[PDB]
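*Asks:* Below is the sequence, then the experimental coordinates.
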Amino acid sequence: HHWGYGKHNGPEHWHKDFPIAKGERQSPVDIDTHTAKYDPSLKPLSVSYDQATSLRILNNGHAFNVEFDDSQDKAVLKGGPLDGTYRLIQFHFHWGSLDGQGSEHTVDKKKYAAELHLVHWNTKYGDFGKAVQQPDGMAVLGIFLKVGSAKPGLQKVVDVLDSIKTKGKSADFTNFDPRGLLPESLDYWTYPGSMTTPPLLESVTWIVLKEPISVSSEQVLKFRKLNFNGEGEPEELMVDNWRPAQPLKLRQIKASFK
Ligand SMILES: [Zn+2]
């Protein structure tokens, strides 16, 4: 069968259909905070999400994606390590069966309960499908989630998950503000990597924020109630949909902060 997160179709198997799995710039990675170097020539990140136009939420059998209208520069990321303008197309998360695992990136081997990815494409390539084939085609803003107090900006997401329980279900999801998912600080690490799901393309500039957001136990519990399977198929809970840390292979991780 096709790719997943189980014993039989999970990350150890991906390289047979996607040989770039064993490539030179795979993600995620462990961020060693002692080895990352402060890079004085990194600009502050510019997250311009005021005109973000959310459309839909979809269970794609791997995660759920909240999709945005990316036909114009309505919600963009720029600055930081980036040249040019990257448009927000979707966000999703990765999460664990337990609070001690679920992030894809780790920080000195520490795993967080979950990780949010805000996926952007480089507008100089005109569309997302062309952008994913270029080495500077994508920029993913990664945010760690720890369990603590509730994140009020996440609750609208939590509330709709009932309606997209199984693979292929979608719901209308307009007027959601992705600014409510950000922590206070935009301090970050950055390195060149890849998509963390098949087809594992090596087209991502990763920007991983130093400050986690806190979500509540009840919020993450709702994520764990989703299903990987389709309606009418045997229930497999959507948990542990993360890829483990890949070798760094002499890439340098840079910090925006001292
Ligand atoms: Zn992701």
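*Replies:* Ah, there it is. Numbers count the residues shown, from 1 in each chain.

*Asks:* switch to C-alpha atoms for all contacts and neighbour counts from now on
*Replies:* Will do.

*Asks:* three-state assignment of residue 159?
*Replies:* Using DSSP: H, G, I helix; E, B strand; the rest coil, the secondary structure recorded for residue 159 is helix.

*Asks:* what number of residues lie near it?
*Replies:* When neighbours are defined as other Cα atoms under 10 Å, residue 159 has 11 of them.

*Asks:* repeat for residue 58
*Replies:* Residues lying near residue 58 (other Cα under 10 Å) number 23.

*Asks:* So which other helices or strands are in contact with the helix or strand where residue 144 lies?
*Replies:* Using DSSP states H and E, residue 144 sits within strand 138-147. When contacts are defined as 3 or more Cα pairs under 8 Å, 6 or more residues apart in numbering; DSSP states H and E, strand 138-147 packs onto strand 114-122, strand 204-209, strand 213-215.

*Asks:* Off-centre distance for that strand?
*Replies:* Relative to the chain's own centre, strand 138-147 is displaced by 6 Å; criterion: Cα atoms, centre = their mean, to the nearest Å.

*Asks:* and it, C-alpha only, in PDB?
*Replies:* Output of strand 138-147 as PDB, limited to C-alpha atoms (Å, rounded to 0.1, in the frame of the first residue of the first chain):
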ATOM      1  CA  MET A 138       9.400  26.700   0.100                       C
ATOM      2  CA  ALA A 139       9.600  28.200   3.500                       C
ATOM      3  CA  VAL A 140       8.000  26.400   6.500                       C
ATOM      4  CA  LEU A 141       7.600  28.200   9.800                       C
ATOM      5  CA  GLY A 142       7.700  25.600  12.500                       C
ATOM      6  CA  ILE A 143       6.300  26.200  16.000                       C
ATOM      7  CA  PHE A 144       6.600  23.700  18.900                       C
ATOM      8  CA  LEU A 145       3.500  23.000  21.100                       C
ATOM      9  CA  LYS A 146       3.800  22.100  24.700                       C
ATOM     10  CA  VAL A 147       0.900  21.000  26.900                       C
END
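
*Asks:* ok, back up a step: could you dump the helices and strands packed on strand 138-147 to TSV with distance to residue 32 and mean neighbour count?
*Replies:* Compiled in TSV, these are given as follows (distance: least, Cα to Cα, whole Å; neighbours: other Cα atoms under 10 Å):
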stretch	distance to residue 32	mean neighbour count
strand 114-122	17	25
strand 204-209	13	25
strand 213-215	20	21
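
*Asks:* any chance of those in TSV, with distance to residue 73 too?
*Replies:* TSV is the format used below for the helices and strands packed on strand 138-147 (distance: least, Cα to Cα, whole Å):
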stretch	distance to residue 73
strand 114-122	11
strand 204-209	19
strand 213-215	26
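
*Asks:* which other residues reach the helix or strand where residue 94 lies?
*Replies:* For residue 94, the element it lies in under DSSP H and E is strand 86-95. With contacts defined as Cα atoms under 8 Å, 6 or more residues apart in numbering, strand 86-95 is touched by 63-70, 73-78, 101-104, 113-123, 138-139, 223-224, 239-242.

*Asks:* rewinding a little: flag every buried residue along the strand holding residue 144.
*Replies:* In terms of neighbour count (16 or more other Cα atoms under 10 Å), strand 138-147 has its buried residues at 138-147.

*Asks:* Give me the sheet partners of it and which way each runs.
*Replies:* Strands adjacent to strand 138-147 in the sheet, as given by DSSP bridges, are strand 114-122 (antiparallel), strand 204-209 (parallel), strand 213-215 (parallel).

*Asks:* of those, which approaches residue 256 most closely?
*Replies:* Smallest distance to residue 256 across those (Cα to Cα): 9.6 Å, for strand 204-209.
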